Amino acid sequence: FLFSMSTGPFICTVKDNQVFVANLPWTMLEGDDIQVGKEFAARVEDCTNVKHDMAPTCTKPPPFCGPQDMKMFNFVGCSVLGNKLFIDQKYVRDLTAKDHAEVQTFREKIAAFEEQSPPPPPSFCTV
């Protein structure tokens, strides 16, 4: 398809200080949080690969995994997670009001297309 959407929680882990949420580079840990990232990452690997348990009671995601109920929108060319934009799996910027407007226009066009010339992806998916 040309669109998919979901609500958290998403899989969260850390590699080389980089926090990944839904496979996107959400934020990077510094200072006294670095070791916390290491412990968490270990916990995630143990929970997932050894216990075969992905429940938060096992993984215990720290607050740096972001809001556990944030929304994700996937378009052709880019994705929005929470209020952050990613292109080619790289953070671009925080969404602006205009960006949110494009998201709703796209959702409304996808709806139109469904009951129906598919909508083009939001302009922010380019460059």
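In this text, residue numbers run from 1 along the sequence as written.
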Practice task
Could you bin the unmodelled part of the deposited chain lying between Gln116 and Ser117 as none, 1 to 3, 4 to 9, or 10 or more?
Solution key: 10 or more
Problem - Residue stretch of maximal mean CA temperature factor, 9 to 17 vs 107 to 115 - result: 107 to 115
Exercise for the section: Averaging the C-alpha B factors as listed in the entry, name the stretch that ends up higher: 98 to 106 or 25 to 33. Expected result: 98 to 106
Fill in the blank from the handout: Note to self: of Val44, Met70, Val50, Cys78, the C-alpha temperature factor tops out at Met70
Practice task
Going by the recorded CA B-factors, say which third of the chain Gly82 sits in, lowest, middle or highest.
Solution key: highest
Practice task
Place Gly66 in the lowest, middle or highest third of its chain's C-alpha B-factors, as listed in the PDB entry.
Solution key: middle
